[PDB]
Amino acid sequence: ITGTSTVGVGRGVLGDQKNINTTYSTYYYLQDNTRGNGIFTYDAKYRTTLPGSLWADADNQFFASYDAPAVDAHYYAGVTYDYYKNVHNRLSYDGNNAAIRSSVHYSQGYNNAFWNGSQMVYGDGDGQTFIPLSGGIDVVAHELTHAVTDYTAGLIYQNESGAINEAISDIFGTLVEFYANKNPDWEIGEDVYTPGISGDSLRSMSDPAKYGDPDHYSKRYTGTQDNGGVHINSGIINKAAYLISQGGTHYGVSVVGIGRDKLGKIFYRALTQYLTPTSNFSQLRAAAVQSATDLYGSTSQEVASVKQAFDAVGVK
């Protein structure tokens, strides 16, 4: 909408207060004009029609319980935009400052979030498996990263290319969580998953097997559920990424960690310069090796550590 840029205040899903960028034109809208061609947050009103209504508020204060998922979807989309711009010199998901749109209050009891090809969508959860999913900064960044992948490598959402697609979203979701620096970890979704159980998460990158996911190519899932295991076999790549950054000895193979920033540079370059829609795990290894070579040199520790990490997870 046309209006003037304003700053509202509200509370997110976890009860924390934050300022948000809004737009005033009769109402205050969840429309942040400070980033690209805007960040826009919509109310899906418990239905499945998308996007729903651009979020309108009478007083620019967002402290109602119903407001909380919108506050966080809007704010964390801004953090994710800032990460891509400031760290990777990427302007929104398309590289051209495309408007970023999210809908909250999608459906009833909906234990998931997704990118639908055009926008982000967040359920409220059923209150037992999830609380509203935009409360997780890693979740929000996972979703926006699907848009980045779709505009760049274009990894098809099936089998190994789809597991790479998933891992890219977990990797950058985690790197955004570290960028914001509030309780960062190598776990996925912990802030919104299972409110009645402390210390768990949907997936672990540091130890995927904690939640049943493979941590070695020999343990990969080969069936048809979950689009050929895209959220399962992502553990193999998540583990490799974790090892590149943090190091470790895994199935007897030692990896010297090179840190999160270099992990992010290597994988961002692989995603945007070398991967293709049908890349498999072996092709990802080659893309990561080439990316590290471009950035750090063929004889660098960074290249050596990429090779060790893929060796450790059984990907040649």
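Start at 1 with the first residue shown and count on from there.
Comparing 16-24 with 296-304, the higher mean C-alpha B-factor in the PDB entry belongs to 296-304.
Stretches 250-258 and 51-59 differ in mean CA B factor, with 250-258 having the higher one. Considering 154, 173, 212, 136 together, the PDB entry gives 212 the largest C-alpha B factor. Per the PDB entry, 222 shows the highest C-alpha temperature factor of the residues 165, 111, 145, 222.
Per-chain ranking of the deposited C-alpha B factor places residue 158 in the middle third. Sorting the modelled residues of the chain by their CA temperature factor places residue 289 in the highest third. In the PDB entry, residue 201 places in the highest third of its chain by CA B-factor. Annotation for residue 281: CA B-factor lies in the middle third of the chain's modelled residues.
Annotation for residue 274: CA B-factor lies in the highest third of the chain's modelled residues.
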